[PDB]
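*Asks:* Sharing final.txt (compact mmCIF, C-alpha atoms) below.
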# COMPACT_ATOMS: atom_id res chain seq x y z
CA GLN A 375 0.00 0.00 0.00
CA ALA A 376 3.11 2.22 -0.26
CA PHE A 377 2.45 3.24 -3.87
CA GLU A 378 -1.23 3.84 -3.00
CA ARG A 379 -0.46 6.25 -0.15
CA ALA A 380 2.27 8.22 -2.07
CA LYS A 381 -0.53 10.42 -3.49
CA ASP A 382 -1.04 12.01 -0.06
CA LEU A 383 2.60 13.04 0.31
CA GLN A 384 3.10 16.73 1.24
CA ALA A 385 6.85 16.80 1.84
CA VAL A 386 9.83 14.97 0.41
CA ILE A 387 13.18 14.87 2.18
CA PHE A 388 16.22 13.78 0.15
CA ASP A 389 19.45 12.59 1.69
CA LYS A 390 22.14 14.63 -0.12
CA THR A 391 25.25 12.59 -0.76
CA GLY A 392 24.83 9.98 -3.49
CA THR A 393 21.17 10.82 -3.91
CA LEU A 394 20.90 14.44 -5.11
CA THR A 395 24.71 14.42 -5.68
CA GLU A 396 27.07 12.03 -7.46
CA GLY A 397 28.74 11.18 -4.12
CA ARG A 398 32.26 12.03 -5.37
CA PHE A 399 34.34 15.14 -6.04
CA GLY A 400 34.48 16.72 -9.46
CA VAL A 401 35.80 20.03 -10.81
CA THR A 402 33.25 22.89 -10.79
CA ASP A 403 35.51 25.86 -11.60
CA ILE A 404 38.86 26.65 -13.17
CA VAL A 405 39.98 30.22 -12.57
CA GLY A 406 43.07 31.61 -14.26
CA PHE A 407 44.76 34.80 -13.06
CA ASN A 408 46.40 35.98 -16.26
CA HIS A 409 46.83 32.32 -17.33
CA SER A 410 44.55 30.17 -19.53
CA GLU A 411 42.16 27.65 -17.88
CA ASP A 412 42.94 24.86 -20.33
CA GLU A 413 46.72 25.14 -19.60
CA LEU A 414 46.00 25.52 -15.90
CA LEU A 415 44.05 22.23 -15.86
CA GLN A 416 46.55 20.40 -18.00
CA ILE A 417 49.39 21.55 -15.72
CA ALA A 418 47.61 20.76 -12.45
CA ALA A 419 46.67 17.28 -13.70
CA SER A 420 50.22 16.50 -14.90
CA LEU A 421 51.48 17.34 -11.41
CA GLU A 422 48.55 15.47 -9.80
CA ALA A 423 48.89 12.31 -11.88
CA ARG A 424 50.87 10.42 -9.21
CA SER A 425 48.61 11.18 -6.23
CA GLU A 426 46.10 8.90 -4.48
CA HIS A 427 44.32 11.87 -2.80
CA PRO A 428 40.64 12.00 -3.82
CA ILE A 429 40.94 15.69 -4.92
CA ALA A 430 44.02 15.01 -7.04
CA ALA A 431 42.19 12.11 -8.73
CA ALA A 432 39.22 14.41 -9.56
CA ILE A 433 41.61 16.94 -11.19
CA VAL A 434 43.12 14.18 -13.35
CA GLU A 435 39.62 12.86 -14.25
CA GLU A 436 38.57 16.29 -15.51
CA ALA A 437 41.65 16.50 -17.73
CA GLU A 438 40.64 13.06 -19.12
CA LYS A 439 37.10 14.39 -19.67
CA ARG A 440 38.39 17.29 -21.74
CA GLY A 441 40.89 15.05 -23.57
CA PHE A 442 44.05 16.88 -22.39
CA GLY A 443 47.27 14.83 -22.55
CA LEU A 444 49.52 14.90 -19.52
CA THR A 445 53.11 16.17 -19.43
CA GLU A 446 56.01 14.38 -17.80
CA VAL A 447 57.01 16.38 -14.69
CA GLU A 448 60.69 17.06 -13.83
CA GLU A 449 62.11 17.32 -10.30
CA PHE A 450 58.72 16.15 -8.99
CA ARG A 451 58.15 16.39 -5.22
CA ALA A 452 55.20 15.61 -2.92
CA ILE A 453 55.13 17.72 0.24
CA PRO A 454 52.74 16.38 2.93
CA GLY A 455 51.16 19.48 4.58
CA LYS A 456 51.21 21.41 1.29
CA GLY A 457 50.66 19.55 -1.98
CA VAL A 458 52.82 18.73 -5.03
CA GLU A 459 55.47 20.45 -7.10
CA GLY A 460 57.49 19.90 -10.27
CA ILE A 461 59.02 21.71 -13.22
CA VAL A 462 56.93 21.92 -16.40
CA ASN A 463 58.48 23.80 -19.36
CA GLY A 464 61.22 25.68 -17.49
CA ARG A 465 58.88 27.01 -14.76
CA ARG A 466 58.45 25.67 -11.23
CA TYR A 467 54.75 24.78 -10.75
CA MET A 468 52.99 23.69 -7.55
CA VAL A 469 49.49 22.53 -6.64
CA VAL A 470 48.79 23.30 -3.03
CA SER A 471 46.02 23.55 -0.41
CA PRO A 472 44.55 26.77 1.09
CA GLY A 473 46.38 25.69 4.27
CA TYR A 474 49.79 25.90 2.54
CA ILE A 475 48.92 29.31 1.01
CA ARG A 476 48.08 30.73 4.43
CA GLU A 477 51.29 29.25 5.93
CA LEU A 478 53.43 30.89 3.20
CA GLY A 479 51.71 34.29 3.63
CA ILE A 480 50.50 34.42 0.04
CA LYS A 481 47.54 36.71 -0.74
CA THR A 482 44.59 34.92 -2.31
CA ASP A 483 42.53 36.99 -4.78
CA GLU A 484 39.27 38.30 -3.24
CA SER A 485 37.16 36.35 -5.80
CA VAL A 486 38.26 33.01 -4.31
CA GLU A 487 36.23 33.69 -1.16
CA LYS A 488 33.07 33.24 -3.24
CA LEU A 489 34.15 29.66 -3.99
CA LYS A 490 34.80 29.01 -0.29
CA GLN A 491 31.33 30.47 0.45
CA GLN A 492 29.87 27.71 -1.74
CA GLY A 493 31.64 25.15 0.41
CA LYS A 494 33.77 24.10 -2.57
CA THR A 495 37.23 22.64 -1.95
CA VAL A 496 39.85 24.86 -3.58
CA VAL A 497 43.41 24.14 -4.74
CA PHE A 498 45.91 26.77 -5.81
CA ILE A 499 48.25 26.56 -8.81
CA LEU A 500 51.51 28.44 -8.24
CA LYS A 501 53.87 29.45 -11.06
CA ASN A 502 57.29 30.56 -9.88
CA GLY A 503 55.93 31.20 -6.39
CA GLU A 504 52.88 33.29 -7.48
CA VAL A 505 49.24 32.22 -7.72
CA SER A 506 48.51 31.39 -11.34
CA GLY A 507 44.98 29.99 -10.84
CA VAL A 508 42.62 28.02 -8.61
CA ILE A 509 40.54 24.93 -9.27
CA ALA A 510 37.43 24.41 -7.26
CA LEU A 511 35.72 21.06 -6.61
CA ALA A 512 32.46 19.88 -5.13
CA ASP A 513 30.48 16.71 -4.61
CA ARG A 514 28.56 17.58 -7.76
CA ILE A 515 24.78 17.70 -8.22
CA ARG A 516 23.33 14.93 -10.46
CA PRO A 517 22.05 16.23 -13.86
CA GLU A 518 18.62 14.75 -13.06
CA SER A 519 18.33 16.53 -9.67
CA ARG A 520 17.15 20.01 -10.74
CA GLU A 521 14.30 18.39 -12.69
CA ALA A 522 13.54 16.01 -9.78
CA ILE A 523 12.86 19.03 -7.54
CA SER A 524 10.96 21.22 -10.07
CA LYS A 525 8.64 18.32 -10.94
CA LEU A 526 7.93 17.87 -7.21
CA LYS A 527 7.31 21.58 -6.49
CA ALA A 528 5.02 21.80 -9.52
CA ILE A 529 2.67 19.32 -7.77
CA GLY A 530 2.77 21.21 -4.46
CA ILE A 531 5.26 18.97 -2.64
CA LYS A 532 7.70 20.76 -0.28
CA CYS A 533 11.20 19.74 -1.24
CA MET A 534 13.86 19.36 1.44
CA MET A 535 17.28 17.90 2.01
CA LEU A 536 19.30 16.64 4.91
CA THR A 537 23.03 16.01 5.05
CA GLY A 538 25.96 15.51 7.42
CA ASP A 539 27.83 17.98 5.26
CA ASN A 540 28.54 21.50 6.47
CA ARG A 541 26.22 24.45 6.09
CA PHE A 542 28.13 26.02 3.16
CA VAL A 543 27.85 22.93 0.96
CA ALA A 544 24.20 22.38 1.99
CA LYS A 545 23.30 26.01 1.28
CA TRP A 546 24.97 25.79 -2.15
CA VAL A 547 23.04 22.66 -3.15
CA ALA A 548 19.73 24.04 -1.82
CA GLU A 549 20.15 27.25 -3.81
CA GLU A 550 21.14 25.41 -7.01
CA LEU A 551 18.05 23.21 -6.67
CA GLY A 552 15.54 25.75 -5.30
CA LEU A 553 14.79 23.54 -2.25
CA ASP A 554 12.15 24.74 0.18
CA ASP A 555 14.32 23.82 3.19
CA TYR A 556 17.46 21.97 4.21
CA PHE A 557 19.20 20.66 7.34
CA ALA A 558 23.00 20.59 7.48
CA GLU A 559 25.52 18.91 9.86
CA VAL A 560 23.10 16.07 10.65
CA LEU A 561 24.98 12.98 11.88
CA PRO A 562 23.64 9.53 10.83
CA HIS A 563 21.85 8.90 14.18
CA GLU A 564 20.14 12.35 13.92
CA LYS A 565 18.44 11.96 10.56
CA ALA A 566 15.35 10.14 11.86
CA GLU A 567 14.63 12.97 14.29
CA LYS A 568 14.70 15.56 11.48
CA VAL A 569 12.09 13.51 9.59
CA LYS A 570 9.93 13.54 12.70
CA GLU A 571 10.36 17.35 12.89
CA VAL A 572 9.10 17.74 9.31
CA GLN A 573 6.35 15.23 10.14
CA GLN A 574 4.95 17.76 12.70
CA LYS A 575 3.56 19.52 9.60
CA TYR A 576 3.66 17.15 6.65
CA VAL A 577 2.93 13.72 5.33
CA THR A 578 6.60 13.19 4.56
CA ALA A 579 8.76 10.94 2.37
CA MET A 580 12.42 10.19 2.98
CA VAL A 581 14.60 9.33 -0.02
CA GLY A 582 18.02 7.78 0.58
CA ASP A 583 20.19 4.68 0.61
CA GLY A 584 18.37 1.57 1.86
CA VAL A 585 21.25 0.45 4.11
CA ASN A 586 22.84 3.67 5.31
CA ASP A 587 19.63 5.66 5.89
CA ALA A 588 17.55 2.78 7.28
CA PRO A 589 16.28 4.66 10.41
CA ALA A 590 15.23 7.77 8.46
CA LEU A 591 13.41 5.69 5.84
CA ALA A 592 11.68 3.84 8.70
CA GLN A 593 10.56 7.06 10.47
CA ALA A 594 9.10 8.43 7.21
CA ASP A 595 5.46 8.01 6.18
CA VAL A 596 6.92 6.70 2.93
CA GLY A 597 10.53 5.50 2.95
CA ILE A 598 11.95 5.46 -0.58
CA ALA A 599 15.25 3.61 -1.11
CA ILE A 600 17.03 4.80 -4.23
CA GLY A 601 19.87 3.36 -6.31
CA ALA A 602 19.30 -0.19 -4.98
CA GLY A 603 20.41 -1.86 -8.24
CA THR A 604 19.31 -5.26 -9.53
CA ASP A 605 21.98 -7.25 -7.61
CA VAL A 606 21.24 -6.98 -3.88
CA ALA A 607 17.78 -6.37 -2.47
CA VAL A 608 16.55 -3.81 0.11
CA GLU A 609 13.91 -5.37 2.38
CA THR A 610 13.12 -2.67 5.00
CA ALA A 611 12.02 0.39 2.90
CA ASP A 612 8.45 1.05 1.63
CA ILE A 613 9.36 1.47 -2.04
CA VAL A 614 12.64 0.65 -3.71
CA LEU A 615 13.92 2.37 -6.86
CA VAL A 616 16.37 0.08 -8.68
CA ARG A 617 18.07 3.04 -10.47
CA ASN A 618 19.39 6.27 -8.97
CA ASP A 619 17.09 8.73 -10.67
CA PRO A 620 15.48 11.20 -8.24
CA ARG A 621 12.89 12.15 -10.86
CA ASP A 622 11.27 8.80 -10.16
CA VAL A 623 10.01 10.21 -6.88
CA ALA A 624 7.64 12.61 -8.69
CA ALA A 625 6.72 9.85 -11.13
CA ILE A 626 5.52 7.76 -8.17
CA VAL A 627 3.45 10.64 -6.72
CA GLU A 628 1.92 11.66 -10.08
CA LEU A 629 0.90 8.07 -11.04
CA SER A 630 -0.44 7.40 -7.56
CA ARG A 631 -2.60 10.55 -7.78
CA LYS A 632 -4.05 9.20 -11.12
CA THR A 633 -4.82 5.74 -9.80
CA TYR A 634 -6.11 3.53 -6.99
CA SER A 635 -6.24 -0.29 -6.47
Re-express the file's structure as structure tokens.
*Replies:*
Amino acid sequence: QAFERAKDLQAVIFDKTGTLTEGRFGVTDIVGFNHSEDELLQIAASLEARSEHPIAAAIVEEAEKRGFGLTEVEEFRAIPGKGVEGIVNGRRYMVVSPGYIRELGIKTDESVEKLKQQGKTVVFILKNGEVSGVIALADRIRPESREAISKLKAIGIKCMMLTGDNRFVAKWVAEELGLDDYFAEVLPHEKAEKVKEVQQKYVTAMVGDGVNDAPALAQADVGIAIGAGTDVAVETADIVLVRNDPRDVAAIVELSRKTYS
């Protein structure tokens, strides 16, 4: 009777990471300071090609996405507490963290604070000891997610999100999606209580991973497990979506409102 009662949903809460987002870092911005973005990316990725760090891997992936070939680095060095460095074409290049920049006393252009305000992770590209560019990364929003939310709002459903992520990241996602509300910094044992808080007003769905978000899905009037696949089965949640397509939430509501059994 889960499908049947989806028609009376008033609120939908999405878990962020992996559900509305890809659940991995990718590049959102490349910003050159009197230096081209294509060269900046190609240089940063050449230097980053050895690293196992998740952010380094995302920089290399983006160079692969744009089809940029890497360059062999000379006098390569990895500095724990800073980043990486090597010579490329007779100039000493480095890719370093905001922590290193602050420790060296280097001034970061005022525009970079806007990236930080979106909760994006920033790395700095130095050329001969001066900031040549920054690359910003986020756990990026799924292409389907904007449409998932607009379809839901169009049918009067309040669209929310919860996440353990910090308030800058959560705000950024909410604004990109036009969410009605969001809750940030929510640890895994605190999610169920946020669903009960929304339940004070609304017949509420929770959308999330069937294993990780089990309690929240259980507290919900309708628990929707997403991205379950066709391999292993989720047995606790009210409805299971095989694929990870958040637009299927509105498809359930809209079909349920057109039908009864």
*Asks:* Kindly compute an axis-aligned box around the listed atoms of stretch 551-559 of chain A, allowing 3 Å on each side, and express its centre and edge lengths in Å to one decimal as JSON.
*Replies:*
{"center_x": 18.8, "center_y": 22.3, "center_z": 1.6, "size_x": 19.4, "size_y": 12.8, "size_z": 22.5}
*Asks:* Residues near residue A:585, anyone? I mean within 9 Å using all atoms listed in the file, not counting same-chain ones fewer than 6 positions away, as a list in words.
*Replies:* residues 599, 608 and 610 of chain A
*Asks:* For atom CA of residue A:517 and atom CA of residue A:621, determine how far apart the two atoms are, in Å to one decimal place.
*Replies:*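 One can read the atom CA of residue A:517 to atom CA of residue A:621 distance as 10.5 Å.
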*Asks:* In terms of the shortest atom-to-atom distance over all atoms listed in the file, which of A:459, A:411, A:403, A:564 is closest to residue A:496?
*Replies:*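 Closest to residue A:496 of all the choices is A:403.
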*Asks:* Could you state the separation of atom CA of residue A:526 and atom CA of residue A:612 in Å, given to one decimal place?
*Replies:*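 Taking atom CA of residue A:526 and atom CA of residue A:612, their separation equals 19.0 Å.
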